[PDB]
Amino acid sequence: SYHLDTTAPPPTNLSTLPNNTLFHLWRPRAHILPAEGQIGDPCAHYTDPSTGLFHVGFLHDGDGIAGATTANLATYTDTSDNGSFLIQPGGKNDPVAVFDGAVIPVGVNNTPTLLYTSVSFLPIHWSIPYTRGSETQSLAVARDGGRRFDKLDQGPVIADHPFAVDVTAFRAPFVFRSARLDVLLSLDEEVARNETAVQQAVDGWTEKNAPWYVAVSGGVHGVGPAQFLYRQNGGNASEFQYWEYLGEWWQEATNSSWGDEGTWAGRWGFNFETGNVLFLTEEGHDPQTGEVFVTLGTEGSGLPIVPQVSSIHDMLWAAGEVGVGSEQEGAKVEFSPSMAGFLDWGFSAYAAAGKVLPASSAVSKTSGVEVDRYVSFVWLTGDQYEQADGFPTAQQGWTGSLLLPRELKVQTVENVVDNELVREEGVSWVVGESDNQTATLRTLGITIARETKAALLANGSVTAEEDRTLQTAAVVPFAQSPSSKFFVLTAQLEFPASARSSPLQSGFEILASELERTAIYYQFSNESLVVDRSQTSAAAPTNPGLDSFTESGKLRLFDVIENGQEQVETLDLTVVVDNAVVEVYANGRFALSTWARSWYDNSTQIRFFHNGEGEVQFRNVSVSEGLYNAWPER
């Protein structure tokens, strides 16, 4: 009889094993996921005014939204046992299912109010006809410290999609406040034109009494993906029953894409999902002075399209400006992208749900953060969006996880040589300023939420590696590698100008032993960070459910002036390995996450890697082992 032994070869068929046999094999310890079962889109996050506690939400087992709380954004506590659900389907407005939603901290009865998508019909997909009434938006109010959300005893507050518009989807409402939208909507049309009058109005705007806006995601059949915008009727902050439709504030033609060749920001695809609206500054979040950014998932597909199958799930972001709906009878305000990119380049990374985290929160007061931030939680589906080829789900006893909480802000890159690398059209950055010689770039900054990063390292064992240079091809083991699959790898790679045109590939191999290895390296040929998973798991060859295709993301290392000398920008890597959950971060503006399901206990070696093409200098390489327990009470 077989009893799990990960020092021995994996059985040929993992799906024949007893239930829960693989429960701990690839399970993380410092990530957000339910006690068991599967996790879907994260959503419904909010800072509770009264307690200052940050509440996290997420779809769980396709049967509603579950939650947890945190007082430090380092450890979490389930709202309750038996799934820890907050709201489930079975009501009059959501007889079939409960989809994504967002929370207004001070709403009905002056308590946390959830505005969510109540579902009454299935199936629902952009590639098939939409059934009228499938998705509506309903209200629920928090009870017992947010440990539960009671549905208001009435029908949906937005009971239908825009009149006569053939939507592909109409879900995932996201609430937010905005000085600029308030200004644009109040000012006379021809006045709301000149930026001068507008900005003056914004300066005196006050958040506390401003109305709530709602962005619902979807698209329109035969036209393309879009975001539907609404706001408390008449701009009345006390109006929660009626939401006036402001139009399709952002739409893109079917499967079009940012830039001419769909290079830096995938494609807009056929439908927009889980849209988030943010207002960022170079320090964090501010709805008065922050620039408009939007994160969203886009559903894509090759041709011929296979109905009810989205082959591509891109986790994108866009930054831009908002203006009045011009000279038309269309949207009252429109979002115009100026730059776009990926929040996470991972194939399985998607449906990010974030929220403002007030400096007044219990979390920020404890860590001493004096500014408001925007923390975003990205989803990492556990089974390729339910398209996996027989993953041993019953054996694992759980599916999926959220990625580490991430701080989003405006990140600047200074001292960049103003050349073609900077001027390419359709990129993920804008030129903040330049004298035709050097410039300052502006892009989306992505970092692990500081408290979480602090916790990941607090009690870790630190082991540094000697700076090293590699010219000839080589795979060099570290002096000492971790003995577990829980660690944080840090390193800086410096490349010579000559490496740009070379077939150079430089990085590290991790989770390695004789029969397994995972490679992570930078590649100039297509300026990408790559995670080669072709040899990650000894169990993959006979278990197709364990995807092993290559993951990768574009990362351009600009020419910069550092010490009076021009050099290729330094690749600053941070790789967090929480068992099978791998997250590759780079230069505070890049994230690529995936599943590295290695089998053997011994596959913990780490090695320097260089393909002999070009040259590379490794510096400040170090490993922190151990991470921490994100769920102390479980």
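The first residue of the shown sequence is 1; numbering continues from there. For the two forms, the rigid core is made up of the largest set of C-alpha atoms that agree within 1.5 Å on superposition.
Engineer: Taking the root mean square of C-alpha distances over all structures and residues in 4 other deposited structures of this protein, with a rigid core superposition, name the larger of 449-457 and 323-331.
Structural biologist: Output: 323-331, the stretch lying farther off on average in 4 other deposited structures of this protein.
Engineer: Mean Cα B factor from the PDB record: higher for 182-190, or higher for 92-100?
Structural biologist: Looking at the record's C-alpha B-factors, the answer is 182-190.
Engineer: Going by the B-factors listed in the PDB entry, is the mean over the C-alpha atoms higher for 235-243 or for 490-498?
Structural biologist: Result of the comparison: 490-498.
Engineer: By the CA temperature factor listed in this entry, which of these ranks top: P405, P156, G346, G323?
Structural biologist: In the PDB entry, the greatest C-alpha B-factor among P405, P156, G346, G323 is found at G323.
Engineer: Can you tell me which of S537, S84, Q471, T136 has the highest Cα temperature factor in the record?
Structural biologist: So the option with the highest C-alpha B-factor is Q471.
Engineer: Looking at the entry's B-factor column for C-alpha atoms only, identify whether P482 ranks in the lowest, middle or highest third of its chain.
Structural biologist: Its C-alpha B-factor belongs to the middle third of this chain's values.
Engineer: Ranking every modelled residue in this chain by its Cα temperature factor as given in the entry, which third contains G62?
Structural biologist: For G62, the deposited C-alpha B-factor lands in the middle third.
Engineer: Relative to the other modelled residues of the same chain, rank the CA B-factor of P42 and answer lowest, middle or highest third.
Structural biologist: For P42, the deposited C-alpha B-factor lands in the lowest third.
Engineer: Divide the modelled residues of the chain into thirds by Cα B-factor and specify which third, lowest, middle or highest, holds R143.
Structural biologist: It belongs to the highest third of the chain when residues are ordered by C-alpha B-factor.
Engineer: Using the B-factors in the PDB entry, rank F558's C-alpha atom against the chain and give the third, lowest, middle or highest.
Structural biologist: Highest third - that is where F558 ends up once the chain's C-alpha B-factors are sorted.
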